[PDB]
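The primary structure of each chain is shown beneath.
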Amino acid sequence: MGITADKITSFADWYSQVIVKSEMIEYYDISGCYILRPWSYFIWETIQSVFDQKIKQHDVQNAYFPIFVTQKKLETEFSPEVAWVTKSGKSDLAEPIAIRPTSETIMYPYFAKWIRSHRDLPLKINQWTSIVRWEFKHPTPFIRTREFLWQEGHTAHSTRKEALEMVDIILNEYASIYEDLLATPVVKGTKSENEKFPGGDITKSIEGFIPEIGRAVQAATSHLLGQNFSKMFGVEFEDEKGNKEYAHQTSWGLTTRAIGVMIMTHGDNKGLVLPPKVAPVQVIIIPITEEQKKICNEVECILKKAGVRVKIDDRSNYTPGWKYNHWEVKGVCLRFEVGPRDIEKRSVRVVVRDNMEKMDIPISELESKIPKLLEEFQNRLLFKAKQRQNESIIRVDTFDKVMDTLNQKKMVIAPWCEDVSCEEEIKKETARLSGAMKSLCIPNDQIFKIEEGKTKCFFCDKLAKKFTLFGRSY
Amino acid sequence: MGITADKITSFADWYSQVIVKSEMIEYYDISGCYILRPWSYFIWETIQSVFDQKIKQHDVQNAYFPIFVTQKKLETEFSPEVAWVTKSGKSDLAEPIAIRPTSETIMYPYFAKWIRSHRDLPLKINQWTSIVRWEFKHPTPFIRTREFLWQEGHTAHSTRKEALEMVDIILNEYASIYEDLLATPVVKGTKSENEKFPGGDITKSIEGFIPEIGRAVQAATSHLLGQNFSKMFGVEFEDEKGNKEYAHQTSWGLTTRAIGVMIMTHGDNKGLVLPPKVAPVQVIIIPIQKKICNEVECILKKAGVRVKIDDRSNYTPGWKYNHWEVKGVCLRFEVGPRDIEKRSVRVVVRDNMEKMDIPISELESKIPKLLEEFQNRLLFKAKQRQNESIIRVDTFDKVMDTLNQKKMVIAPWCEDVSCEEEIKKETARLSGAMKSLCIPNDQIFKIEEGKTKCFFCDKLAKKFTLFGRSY
Ligand SMILES: Nc1ncnc2c1ncn2[C@@H]1O[C@H](COP(=O)(O)OP(=O)(O)NP(=O)(O)O)[C@@H](O)[C@H]1O
Ligand SMILES: Nc1ncnc2c1ncn2[C@@H]1O[C@H](COP(=O)(O)OP(=O)(O)NP(=O)(O)O)[C@@H](O)[C@H]1O
Ligand SMILES: O=C(C[C@H]1NCCC[C@@H]1O)Cn1cnc2cc(Br)c(Cl)cc2c1=O
Ligand SMILES: O=C(C[C@H]1NCCC[C@@H]1O)Cn1cnc2cc(Br)c(Cl)cc2c1=O
Ligand SMILES: [Zn+2]
Ligand SMILES: [Zn+2]
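Per the PDB record, the structure was determined using X-ray crystallography to 2.46 Å resolution.

See the structure below:
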C-alpha cells in the first residue's frame, strides 16, 4: 500500500497513514498513548546520544529520581491533569501518590540537603525518563501524548550571571538538535510574561511552524528560575565571607515532540522523507540472480567500511515496483537499482528520495561519492524547510491585515508593547473574529527596527518595545 | 566520615552506610523507592551500553511500549502486587488502569497482528524501562525495590530449536555481564518445576550468593515460553506449505539488582571496592608541582583512563584518602616533593593496600595493565569464596548444620514438586526455608544410574541440585 491522502488538503489522514504504513507507530487502546516501533525509536536513540554527548562537555551528570511523589510534596508549588495511584491490588492506599508530571518537587528538597557551601556549586543534573500528563486537549502522535519521553535538566549556581549563561548554552544546543540533526528550522526567542512558566523569571524557547496547517509548535524550552524555587525549598549556600545566599537555578526539557515536527516538516505524498543523520537505513540495494549476488555484496562492503547504513532487499516474492514503494514509504534516502547492464558497466543506478534525481555511479567512486550525496541531502532538506518558514512570516504594523494573513495560514511579526492585558485582548479578539492567535516568542534576532519613541503597538495605543512573533498554536 | 559497621557482624548497617556515604543512593519518603545519584547511575549506564551492543549482534531491535495497561488486558493471564490509577485530578476514571509490572499483556496482542507468515520471523524486540511492583516483602536498595529499572527482551521464532538456542545465547550474555564486567561469579542452570515462571515451559537463570549473610539471590533469568502465550493471544504464522502454527516464544530480563550484588560482593570495612570497568573514577591524583599533576593526567586520558585531580586546600591528605576510598576509587596517586624530585608517582591500590613507585615514563604502558590485574583479582577472589560456600551432602543429616554455617548445599535430587514443598516446610520448622536455586548446567558430581537416591525423598535422583536460603 501507498499513501492515499493528500498532504495539503487532507493533513490529518495524511499524517496518520504515513506513521502507520512506515511502521513508526501503532495505535493502542488507551487514548493518547502510542507504541514507538523500532523505526521511530531509532530516531529517539540518536537524539539521546547526540544531546547526551553535548551536555557532558558542560559537566552535566545523569541520574534517576523516582516516578512517584506524595501529595504533600506535590502541592507545595496545575493539578487537574495529574494521574493518581489509589490502590495496590484490591486494597486502598492510606494516601494517594502521584505519577510524576515533572520533577521539581521530587528533586529540589534533595538539592537543599546536598548544597551547603559555594564549593558544592555548580550542581548540574539531568535525567532521561517518561512523563505522564492527563491532557484535556485532543492527542496527536508525538506532538501531544499522555505518556511521552524526555530529558529534564536542573542546575544550580552561585551567581545569576552563570545561570543565565547556562540557559543560553542549552538553548543553542536545542536549536542545533533541530537544525543540524533533524534539518528542521526553529526560531530562538523569549516568552512574553503571559506565556512564561510561572515559577521562574525568564523563559526562552525555540518555536517551529507547520506551514500546511498554519500552526506554531513550541519545540523545547529553557528557564532562568532565579531564586524562586531556592527560597521555596531552602536551597542555600555559604558564600566566601560566611553569608548565606539562595542559589540561582535553571531548568530545561525536550521531548519526542521533536520527532513529529520533523515528519510533518519533510514528509510528502509518497511517505516519510528522513534526514540521513537519523534515517535507520540510508541506502537500500535492490537487484532486478547469479553474479548479481556477488556485486550487491561488494557494494555493501564498500558502504559499510565508509560508515553508511545499508541493507539489501533481495526477496523473490515481490515486484521491483512493490519494493520501490515500500522503502520510499519508510523514507530511505538512496535506492540503488542493480540489473544486467549495471553489472555489465560496473556501475550502480541511483534514485534520490526527496527529489527523484537519477544518476549512474561507478563502483570505484562510491567510497567518496555517497557520503557526499548524503551531506548534500541533509543540507537541501534544511535549506528548503527554511525558505518555506520565511514565506510564512509576514510583517504587519496594525491590526487591519492580521486576520487576512492568519487565514492564509501564516505567522505575524508585529511591533508590540508586551503587556499581559494587551495579550489577553489580542486572544479574545482573534478568537471572536475567526482559532485564537497568541504570542509565540519575541525573537532574539530583531531584523526590523523600532524608531525610539515614535513606533506604536500594532493593537494597543502604547509605544512598542520590540518586534514579536504571533500566530495560532498547535 | 568513614564506615563504622562491620560487614560480617552488622551487615545491614554496613550496606546502608556504604551506599549513602559513597553518594550512590539517597533514601526517599515513599517506602522501597531509592534515588540513584550519578555515582551509581553511571554503573547502570555502562551496563546498558555493553548489553545493548551484544544483543545488536543477534539482531534484537529496541522499542518502547506504553506504561499503562487496561484491567481487561491484564486479567487475560500476581493480583495483590499491581499499582492502580483510579483518578485524574480529583475526578474518578471510568475504569482503572495498571502501571506496568511486566509487558507480555501489553506486547503480545501486537505480536499477533504483525506476524502473518514465516517471512515475518524471527521477531526480536527489547525495551529499557522502569517497572513498578508493590512488594510485600521488606525492601532493600538495588536488590528488592518498588520501582526498578530493567531491560525486557521478547522474541518469536518458527521452531522450538531456534527459540531455545536464543534462550541459551541470552543466558551466556547475562553470565558475561556479571563475570566480565562486574567481576561477580554466577552459577548457570535450570529452575525446578516448582520455581519456574508458570507462563512458560522452561526457565533458565543465573544465581549469585552473598557469603556474609548466607543468602542466594536470583541474578537474571531467561524463559522458553514455548507455545503457551501464542495460544493465549493468537500468535500464529503460516508455514511454507500454508499450515497455521503457533509461534515459539522467549523472554528474558535483568535489573538494577546487579548493582547490589556487585556491591555486596566486593565491598569491605573501608567502603566500596569497584571493578575498574565500571568505576566512574579509576585514578585519583592527590598532591601533598601542579605542572606535574596535569602532566600525569594528560598521559592517562590519552591512554583511555578516567582520572581526576583532587587539589583542594581546605582538606587533609588523610581526609582525602578516606573520601576516595569510601567511593571505591581503584588507584590513588600521592604526589609530594620527594615524588616530584624522582619523576615518579607513589601508587596505593584499593583492594589490597599494596604500595608501588612508578616512573612517569612508564605510565602509558603500566596503568592499564594494573587495572586489568585488579579486575581479574576481584573475580578470582569472589570465585574462591563461592567455592568454599558450596558443600556436597548426600542425606538430610548435615543439611541444617550446613545452612547455619551460611552455606549452600549441592545434593542428589528427585526433582518432584511435592519433594520440594516438603523440603521447604521441614527446613523452616527446624530453624528460614531452604529451596532449590538451580539445577546447574555443569554437573561436577556423578549419578550411579539405578542406585543413587534423593537426599530427602525415597525415589531415585535425576541429578545434583543447588539448594539454599534465598534473599
Ligand atoms: N503532551 C506533550 N507531549 C509531547 N511533548 C510535550 C507535551 N507537553 C509538552 N511537550 C513538550 O515539552 C516541552 C517542555 O515542557 P513544558 O514546558 O512543561 O510544557 P508546557 O509548559 O505545558 N508547554 P505546552 O505543553 O506546549 O503547552 C514543551 O516545549 C513541548 O515541546
Ligand atoms: N523487586 C525487585 N527489585 C529489583 N529486582 C527485582 C525485583 N524482583 C525481581 N527482580 C529481578 O528481576 C529479574 C526478572 O524477574 P521476574 O521475571 O520478575 O521474576 P521474579 O519471580 O519476579 N523474581 P524474585 O523477586 O527474585 O522472586 C529477576 O531475575 C530478579 O533479579
Ligand atoms: O514542566 C514544567 C517546567 C519545566 N520542568 C523541568 C523540565 C522543563 C519544564 O519546562 C512546567 N509544567 C508543565 N506542565 C505541568 C503539568 C502538570 Br499536570 C503539573 Cl502538576 C506541572 C506542570 C509543570 O510544572
Ligand atoms: O515478569 C515475569 C516474566 C518475565 N517477563 C518479561 C521479562 C522477564 C520476566 O522474567 C514474571 N512476573 C513477575 N512478577 C510479576 C509481578 C506482578 Br504484580 C505481575 Cl501482575 C506479573 C508478574 C510476572 O509476570
Ligand atoms: Zn499593546
Ligand atoms: Zn525427593
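**Structural notes on the overall build of chain A**
Counting secondary structure elements, chain A contains 13 helices and 23 strands. C-alpha atoms of chain A, sized along the principal axes, occupy 80 × 55 × 50 Å.

**Considerations on the overall build of chain B**
Within chain B, the regular secondary structure consists of 13 helices and 23 strands. Taken against the 2.2 N^0.38 rule, which gives 23 Å for 471 residues, the C-alpha radius of gyration of chain B at 25 Å falls within 12% of a compact globule. Considering only C-alpha atoms, chain B reaches an extent of 80 × 55 × 50 Å along its principal axes.

**Points about the pattern of salt bridges**
Scanning all chains against the criterion turns up 47 salt bridges over all chains. Here A:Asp313 ties to A:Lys323 by a salt bridge, and the two come within 3.4 Å at their closest N and O atoms. Placement of A:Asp313 in the loop between β16 (310-312) and α9 (320-329) and of A:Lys323 in helix α9 is noted, with a sequence separation of ten residues between them. In this structure, A:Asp313 and A:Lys323 share a single accessibility class: buried. In the salt-bridge network here, residues are joined through shared partners; they are B:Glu23, B:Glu26, B:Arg37 and B:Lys327.

**Here we look at the site of ligand 2**
Residues and elements named next belong to chain B. The environment of ligand 2 is made up of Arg133, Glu135, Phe142, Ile143, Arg144, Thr145, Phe148, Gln218, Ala220, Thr221, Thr255 and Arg257. At 2.8 Å, a side-chain N or O of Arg144 approaches an oxygen atom of ligand 2. Relative to its unbound accessible surface of 590 Å², ligand 2 loses 77% to contact with the protein. Of all the elements, strand β11 (residues 215-226) adds the most residues to the shell around ligand 2, at three residues. Here the residues of the shell around ligand 2 are counted per class, giving four nonpolar, four polar and four charged.

**Remarks on the sheet that holds strand β19 (residues 358-362) of chain A**
Residues and elements named next belong to chain A. If you trace the five strands from one edge of the open sheet to the other, you get β16-β15-β17-β18-β19, paired in mixed fashion. Each of the sheet's edge strands pairs with one partner strand only, and the pair in question is β16 and β19. Looking at each pair of strands side by side, their axes are set apart by 25° on average, direction ignored. The sheet contact formed by strand β18 (residues 347-352) and β19 spans five bridges and is antiparallel. Counterpart to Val351 in the pairing with β19 is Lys358.

**Remarks on the coordination of the zinc ion (ligand 6)**
On the protein side, the zinc ion (ligand 6) has B:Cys414 (SG), B:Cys419 (SG) and B:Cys454 (SG) as donor atoms, found 2.2 Å from it. The pair B:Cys414 / B:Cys419 is uniform in exposure class, with both members buried.

**Description of the side chain of A:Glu26**
With respect to the element layout, A:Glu26 can be found in strand β1 (residues 25-27). Polar side-chain contacts of A:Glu26 include one of 2.9 Å to the side chain of B:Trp114. Apart from the residues lying within four places of it in its own chain, the contact partners of A:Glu26 are A:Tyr34, A:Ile35, A:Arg37, B:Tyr110, B:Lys113 and B:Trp114.

**Some thoughts on the packing of aromatic side chains**
Taken as a whole and assessed by the stated rule, the structure comprises 48 aromatic pairs over all chains. Ring plane angle 35° and centroid distance 5.6 Å describe the contact between B:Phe11 and B:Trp14, whose orientation is recorded as tilted. Within this pair, B:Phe11 and its partner B:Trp14 are both found in helix α1 (residues 11-21), separated by three residues, close to a single helical turn. There is no split in this pair, since B:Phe11 and B:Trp14 are both buried. Aromatic rings pair up to connect A:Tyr28, B:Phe65, B:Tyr108, B:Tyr110, B:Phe111, B:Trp114, B:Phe197, B:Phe229 and B:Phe233 into one cluster.

**Let's talk about the domain arrangement of chain A**
Interfaces are often sized by the amount of accessible area the parts lose when they come together. Residue and element names in this part refer to chain A. Entries for chain A in the domain assignment read domain 1 (1-275), domain 2 (276-375) and domain 3 (393-473). Facing 20 residues of domain 1, the contacting portion of domain 2 comprises 17 residues. For the pair domain 1 and domain 2, the summed buried area comes to about 1700 Å², and 61% of that belongs to carbon and sulfur atoms. Summed over the shared surface of domain 1 and domain 2, the result is two salt bridges. With its nearest N and O atoms 3.1 Å apart, the salt bridge here joins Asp268 to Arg353. Applying the counting rule to domain 1 against domain 2 returns twelve residue pairs in polar contact. When contributions to the side of domain 1 that touches domain 2 are tallied by element, the ones reaching two or more residues are α2 (38-56) and α5 (160-181). Considering every element that reaches the side of domain 1 that touches domain 2, the biggest residue donor is α2, with four residues. Of the residues belonging to the side of domain 1 that touches domain 2, the class tally is eleven nonpolar, four polar and five charged.

The rules behind these values
Residues numbered from 1 in each chain as written, not as in the entry; some residues may be left out. Chains lettered and ligands numbered in written order. Heavy atoms only, no water. Residues with missing side-chain atoms left out of burial classes, pairs and counts. Helix = DSSP H or I, 4+ residues; strand = E, 2+ residues; numbered from the N terminus. Rg over C-alpha atoms; globule rule 2.2 N^0.38 Å. Salt bridge = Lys/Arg side-chain N within 4 Å of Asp/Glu carboxyl O. Buried < 20%, exposed > 50% of the residue type's maximum accessible area, 1.4 Å probe, protein only. Near = heavy atom within 4 Å. Polar contact = N/O pair within 3.5 Å; in protein donor to acceptor, adjacent residues only side chain to side chain. Areas by Shrake-Rupley, 256 points an atom, 1.4 Å probe, with all protein chains shown as cover. Nonpolar A, V, L, I, M, F, W, Y, C, P; charged D, E, K, R; others polar. Pairing = 2+ DSSP bridges. Axes fitted to C-alpha atoms, helices over the stretch in contact; angles between N-to-C directions. Donors = N, O, S within 2.8 Å, 3.2 Å for Na, K, Ca; no water. Contact = heavy atoms within 4.5 Å. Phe/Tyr/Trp six-rings, centres within 6.5 Å; stacked < 30°, edge-to-face > 60°. Domains from an automatic or database assignment. Buried area = accessible area lost by both parts, 1.4 Å probe.

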